[PDB]
Amino acid sequence: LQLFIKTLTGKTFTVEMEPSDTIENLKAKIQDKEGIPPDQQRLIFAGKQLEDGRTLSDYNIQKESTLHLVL
């Protein structure tokens with residue numbers, strides 16, 4: 001639901017998602033939120049890059065998980 005997205009520049013921001021949302025939908029929210037186009041977003045959870053095939057649940061993403069955004 002509430003996700004923390006951390007950039008390498010030390011900025012955190014938050015987005016609200018559902019676990020059935022797709023990765024590409026997460027990226028469209030980050031674009032809405034922060035202006036970063038989806039093809040400049042690389043999102044890492046654990047040490048693994050999230051792929052547009054999939055849903056947040058597919059990665060065991062939960063309330064208050066942190067994802068890294070690499071631009």
# chains A, B, ... in the order shown; residues from 1 in each chain; ligands from 1
>>> residues_around(residues="residue 48 (chain A)", least_positions_apart="5", cutoff="10 Å", atoms="only C-alpha atoms", output="ChimeraX atom specification")
/A:43,59,67-68
>>> write_last_selection(atoms="C-alpha atoms", output="PDB file, in the first residue's frame")
ATOM      1  CA  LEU A  43      13.398  -0.057  -9.642  1.00  0.00           C
ATOM      2  CA  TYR A  59       7.982  -9.623  -5.665  1.00  0.00           C
ATOM      3  CA  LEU A  67      12.372   0.251  -3.354  1.00  0.00           C
ATOM      4  CA  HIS A  68      15.415   1.885  -4.833  1.00  0.00           C
TER       5      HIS A  68
END
>>> select_by_dssp(residues="chain A", states="alpha helix (DSSP H)", output="PyMOL selection string")
chain A and resi 23-34
>>> residues_around(residues="residue 17 (chain A)", least_positions_apart="6", cutoff="12 Å", atoms="only C-alpha atoms", output="list in words")
residues 1, 2, 3, 4, 5, 23, 24, 25, 26, 27, 28, 29, 30, 55, 56, 57, 61, 62, 63, 64 and 65 of chain A
>>> write_last_selection(atoms="N, CA and C atoms", output="PDB file, in the first residue's frame")
ATOM      1  N   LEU A   1       0.931  -1.174   0.000  1.00  0.00           N
ATOM      2  CA  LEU A   1       0.000   0.000   0.000  1.00  0.00           C
ATOM      3  C   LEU A   1       0.952   1.200   0.000  1.00  0.00           C
ATOM      4  N   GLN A   2       1.336   1.733   1.180  1.00  0.00           N
ATOM      5  CA  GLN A   2       2.345   2.824   1.253  1.00  0.00           C
ATOM      6  C   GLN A   2       3.800   2.328   0.950  1.00  0.00           C
ATOM      7  N   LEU A   3       4.396   2.740  -0.178  1.00  0.00           N
ATOM      8  CA  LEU A   3       5.802   2.380  -0.517  1.00  0.00           C
ATOM      9  C   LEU A   3       6.770   3.548  -0.376  1.00  0.00           C
ATOM     10  N   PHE A   4       7.968   3.273   0.103  1.00  0.00           N
ATOM     11  CA  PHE A   4       9.023   4.268   0.164  1.00  0.00           C
ATOM     12  C   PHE A   4       9.888   4.063  -1.048  1.00  0.00           C
ATOM     13  N   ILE A   5      10.115   5.116  -1.825  1.00  0.00           N
ATOM     14  CA  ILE A   5      10.953   4.996  -3.000  1.00  0.00           C
ATOM     15  C   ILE A   5      12.170   5.859  -2.650  1.00  0.00           C
ATOM     16  N   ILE A  23       4.029  -3.528 -12.294  1.00  0.00           N
ATOM     17  CA  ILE A  23       5.221  -2.680 -12.185  1.00  0.00           C
ATOM     18  C   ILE A  23       5.101  -1.421 -13.082  1.00  0.00           C
ATOM     19  N   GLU A  24       4.485  -1.588 -14.250  1.00  0.00           N
ATOM     20  CA  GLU A  24       4.391  -0.458 -15.204  1.00  0.00           C
ATOM     21  C   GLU A  24       3.423   0.608 -14.640  1.00  0.00           C
ATOM     22  N   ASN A  25       2.489   0.147 -13.831  1.00  0.00           N
ATOM     23  CA  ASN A  25       1.578   1.043 -13.173  1.00  0.00           C
ATOM     24  C   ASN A  25       2.272   1.734 -12.024  1.00  0.00           C
ATOM     25  N   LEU A  26       3.128   1.041 -11.282  1.00  0.00           N
ATOM     26  CA  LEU A  26       3.999   1.741 -10.316  1.00  0.00           C
ATOM     27  C   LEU A  26       4.848   2.869 -10.940  1.00  0.00           C
ATOM     28  N   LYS A  27       5.442   2.552 -12.079  1.00  0.00           N
ATOM     29  CA  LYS A  27       6.223   3.533 -12.780  1.00  0.00           C
ATOM     30  C   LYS A  27       5.373   4.702 -13.259  1.00  0.00           C
ATOM     31  N   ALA A  28       4.145   4.466 -13.740  1.00  0.00           N
ATOM     32  CA  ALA A  28       3.271   5.613 -14.135  1.00  0.00           C
ATOM     33  C   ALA A  28       2.918   6.517 -12.915  1.00  0.00           C
ATOM     34  N   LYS A  29       2.747   5.939 -11.727  1.00  0.00           N
ATOM     35  CA  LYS A  29       2.563   6.740 -10.517  1.00  0.00           C
ATOM     36  C   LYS A  29       3.803   7.526 -10.153  1.00  0.00           C
ATOM     37  N   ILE A  30       5.002   6.936 -10.307  1.00  0.00           N
ATOM     38  CA  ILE A  30       6.236   7.657  -9.988  1.00  0.00           C
ATOM     39  C   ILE A  30       6.344   8.782 -10.995  1.00  0.00           C
ATOM     40  N   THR A  55       3.371  -8.137 -11.100  1.00  0.00           N
ATOM     41  CA  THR A  55       2.676  -7.320 -10.096  1.00  0.00           C
ATOM     42  C   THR A  55       3.590  -7.139  -8.924  1.00  0.00           C
ATOM     43  N   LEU A  56       3.238  -6.170  -8.090  1.00  0.00           N
ATOM     44  CA  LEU A  56       3.974  -5.932  -6.867  1.00  0.00           C
ATOM     45  C   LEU A  56       4.017  -7.223  -5.991  1.00  0.00           C
ATOM     46  N   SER A  57       2.902  -7.959  -5.939  1.00  0.00           N
ATOM     47  CA  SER A  57       2.805  -9.226  -5.152  1.00  0.00           C
ATOM     48  C   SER A  57       3.825 -10.258  -5.608  1.00  0.00           C
ATOM     49  N   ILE A  61       6.459  -7.603  -2.376  1.00  0.00           N
ATOM     50  CA  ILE A  61       6.362  -6.224  -1.893  1.00  0.00           C
ATOM     51  C   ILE A  61       5.139  -6.080  -0.988  1.00  0.00           C
ATOM     52  N   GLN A  62       5.324  -5.395   0.142  1.00  0.00           N
ATOM     53  CA  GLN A  62       4.350  -5.228   1.241  1.00  0.00           C
ATOM     54  C   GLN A  62       4.208  -3.749   1.688  1.00  0.00           C
ATOM     55  N   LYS A  63       3.276  -3.484   2.616  1.00  0.00           N
ATOM     56  CA  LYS A  63       3.132  -2.126   3.148  1.00  0.00           C
ATOM     57  C   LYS A  63       4.519  -1.715   3.651  1.00  0.00           C
ATOM     58  N   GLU A  64       4.928  -0.511   3.307  1.00  0.00           N
ATOM     59  CA  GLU A  64       6.152   0.055   3.836  1.00  0.00           C
ATOM     60  C   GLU A  64       7.494  -0.525   3.434  1.00  0.00           C
ATOM     61  N   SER A  65       7.480  -1.417   2.443  1.00  0.00           N
ATOM     62  CA  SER A  65       8.683  -1.820   1.734  1.00  0.00           C
ATOM     63  C   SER A  65       9.326  -0.573   1.180  1.00  0.00           C
TER      64      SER A  65
END
>>> atom_distance(atom1="CA of residue 54 (chain A)", atom2="CA of residue 22 (chain A)")
5.5 Å
>>> atom_distance(atom1="CA of residue 46 (chain A)", atom2="CA of residue 66 (chain A)")
9.0 Å
>>> closest_residue(among="A:45, A:10, A:33, A:38", to="residue 58 (chain A)", atoms="only C-alpha atoms")
A:45
>>> residues_around(residues="residue 9 (chain A)", least_positions_apart="4", cutoff="10 Å", atoms="only C-alpha atoms", output="ChimeraX atom specification")
/A:69-71
>>> select_by_dssp(residues="chain A", states="strand (DSSP E)", output="PyMOL selection string")
chain A and resi 2-7+12-16+42-45+48-49+66-70
>>> write_last_selection(atoms="N, CA and C atoms", output="PDB file, in the first residue's frame")
ATOM      1  N   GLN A   2       1.336   1.733   1.180  1.00  0.00           N
ATOM      2  CA  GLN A   2       2.345   2.824   1.253  1.00  0.00           C
ATOM      3  C   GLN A   2       3.800   2.328   0.950  1.00  0.00           C
ATOM      4  N   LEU A   3       4.396   2.740  -0.178  1.00  0.00           N
ATOM      5  CA  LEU A   3       5.802   2.380  -0.517  1.00  0.00           C
ATOM      6  C   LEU A   3       6.770   3.548  -0.376  1.00  0.00           C
ATOM      7  N   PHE A   4       7.968   3.273   0.103  1.00  0.00           N
ATOM      8  CA  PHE A   4       9.023   4.268   0.164  1.00  0.00           C
ATOM      9  C   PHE A   4       9.888   4.063  -1.048  1.00  0.00           C
ATOM     10  N   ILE A   5      10.115   5.116  -1.825  1.00  0.00           N
ATOM     11  CA  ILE A   5      10.953   4.996  -3.000  1.00  0.00           C
ATOM     12  C   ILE A   5      12.170   5.859  -2.650  1.00  0.00           C
ATOM     13  N   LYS A   6      13.379   5.263  -2.666  1.00  0.00           N
ATOM     14  CA  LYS A   6      14.622   6.005  -2.336  1.00  0.00           C
ATOM     15  C   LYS A   6      15.461   6.157  -3.585  1.00  0.00           C
ATOM     16  N   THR A   7      15.893   7.366  -3.902  1.00  0.00           N
ATOM     17  CA  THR A   7      16.809   7.626  -4.994  1.00  0.00           C
ATOM     18  C   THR A   7      18.222   7.606  -4.450  1.00  0.00           C
ATOM     19  N   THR A  12      13.875  10.502  -0.409  1.00  0.00           N
ATOM     20  CA  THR A  12      12.773   9.547  -0.322  1.00  0.00           C
ATOM     21  C   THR A  12      11.488  10.235  -0.693  1.00  0.00           C
ATOM     22  N   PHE A  13      10.617   9.501  -1.381  1.00  0.00           N
ATOM     23  CA  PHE A  13       9.235   9.901  -1.483  1.00  0.00           C
ATOM     24  C   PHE A  13       8.369   8.647  -1.392  1.00  0.00           C
ATOM     25  N   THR A  14       7.075   8.874  -1.274  1.00  0.00           N
ATOM     26  CA  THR A  14       6.169   7.766  -1.009  1.00  0.00           C
ATOM     27  C   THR A  14       5.128   7.695  -2.150  1.00  0.00           C
ATOM     28  N   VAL A  15       4.733   6.487  -2.553  1.00  0.00           N
ATOM     29  CA  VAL A  15       3.538   6.295  -3.391  1.00  0.00           C
ATOM     30  C   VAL A  15       2.615   5.300  -2.725  1.00  0.00           C
ATOM     31  N   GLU A  16       1.318   5.358  -3.019  1.00  0.00           N
ATOM     32  CA  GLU A  16       0.345   4.352  -2.511  1.00  0.00           C
ATOM     33  C   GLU A  16       0.002   3.388  -3.654  1.00  0.00           C
ATOM     34  N   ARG A  42      14.683   2.729 -13.068  1.00  0.00           N
ATOM     35  CA  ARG A  42      14.981   1.344 -12.756  1.00  0.00           C
ATOM     36  C   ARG A  42      14.680   1.109 -11.305  1.00  0.00           C
ATOM     37  N   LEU A  43      13.819   0.158 -11.027  1.00  0.00           N
ATOM     38  CA  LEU A  43      13.398  -0.057  -9.642  1.00  0.00           C
ATOM     39  C   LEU A  43      13.921  -1.353  -9.124  1.00  0.00           C
ATOM     40  N   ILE A  44      14.533  -1.291  -7.965  1.00  0.00           N
ATOM     41  CA  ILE A  44      15.204  -2.453  -7.368  1.00  0.00           C
ATOM     42  C   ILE A  44      14.542  -2.723  -6.010  1.00  0.00           C
ATOM     43  N   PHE A  45      14.212  -3.988  -5.749  1.00  0.00           N
ATOM     44  CA  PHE A  45      13.733  -4.437  -4.430  1.00  0.00           C
ATOM     45  C   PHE A  45      14.470  -5.745  -4.058  1.00  0.00           C
ATOM     46  N   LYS A  48      16.952  -6.983  -6.633  1.00  0.00           N
ATOM     47  CA  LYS A  48      16.450  -7.401  -7.949  1.00  0.00           C
ATOM     48  C   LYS A  48      15.596  -6.378  -8.671  1.00  0.00           C
ATOM     49  N   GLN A  49      15.840  -6.238  -9.968  1.00  0.00           N
ATOM     50  CA  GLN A  49      15.149  -5.244 -10.755  1.00  0.00           C
ATOM     51  C   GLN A  49      13.749  -5.732 -11.076  1.00  0.00           C
ATOM     52  N   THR A  66      10.663  -0.630   1.072  1.00  0.00           N
ATOM     53  CA  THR A  66      11.464   0.359   0.378  1.00  0.00           C
ATOM     54  C   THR A  66      11.975  -0.202  -0.983  1.00  0.00           C
ATOM     55  N   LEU A  67      11.781   0.549  -2.058  1.00  0.00           N
ATOM     56  CA  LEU A  67      12.372   0.251  -3.354  1.00  0.00           C
ATOM     57  C   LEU A  67      13.391   1.335  -3.699  1.00  0.00           C
ATOM     58  N   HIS A  68      14.432   0.931  -4.410  1.00  0.00           N
ATOM     59  CA  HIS A  68      15.415   1.885  -4.833  1.00  0.00           C
ATOM     60  C   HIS A  68      15.090   2.348  -6.246  1.00  0.00           C
ATOM     61  N   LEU A  69      15.143   3.648  -6.475  1.00  0.00           N
ATOM     62  CA  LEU A  69      14.969   4.156  -7.811  1.00  0.00           C
ATOM     63  C   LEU A  69      16.347   4.597  -8.312  1.00  0.00           C
ATOM     64  N   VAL A  70      16.770   3.970  -9.381  1.00  0.00           N
ATOM     65  CA  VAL A  70      17.985   4.342 -10.079  1.00  0.00           C
ATOM     66  C   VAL A  70      17.665   4.917 -11.482  1.00  0.00           C
TER      67      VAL A  70
END
>>> decode(residues="region 28-49 of chain A", atoms="C-alpha atoms", output="JSON list (two decimals), in the first residue's frame")
[["chain", "number", "residue", "atom", "x", "y", "z"],
["A", 28, "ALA", "CA", 3.27, 5.61, -14.13],
["A", 29, "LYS", "CA", 2.56, 6.74, -10.52],
["A", 30, "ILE", "CA", 6.24, 7.66, -9.99],
["A", 31, "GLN", "CA", 6.03, 9.65, -13.26],
["A", 32, "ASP", "CA", 2.84, 11.38, -11.95],
["A", 33, "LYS", "CA", 4.48, 12.01, -8.61],
["A", 34, "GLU", "CA", 8.02, 12.99, -9.57],
["A", 35, "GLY", "CA", 8.04, 13.65, -13.33],
["A", 36, "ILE", "CA", 10.49, 10.83, -14.18],
["A", 37, "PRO", "CA", 9.47, 9.10, -17.46],
["A", 38, "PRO", "CA", 9.06, 5.28, -17.06],
["A", 39, "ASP", "CA", 11.99, 4.34, -19.30],
["A", 40, "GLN", "CA", 14.42, 6.29, -17.07],
["A", 41, "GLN", "CA", 13.16, 4.40, -13.96],
["A", 42, "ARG", "CA", 14.98, 1.34, -12.76],
["A", 43, "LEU", "CA", 13.40, -0.06, -9.64],
["A", 44, "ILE", "CA", 15.20, -2.45, -7.37],
["A", 45, "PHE", "CA", 13.73, -4.44, -4.43],
["A", 46, "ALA", "CA", 16.06, -6.76, -2.52],
["A", 47, "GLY", "CA", 18.79, -6.52, -5.08],
["A", 48, "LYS", "CA", 16.45, -7.40, -7.95],
["A", 49, "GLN", "CA", 15.15, -5.24, -10.75]]
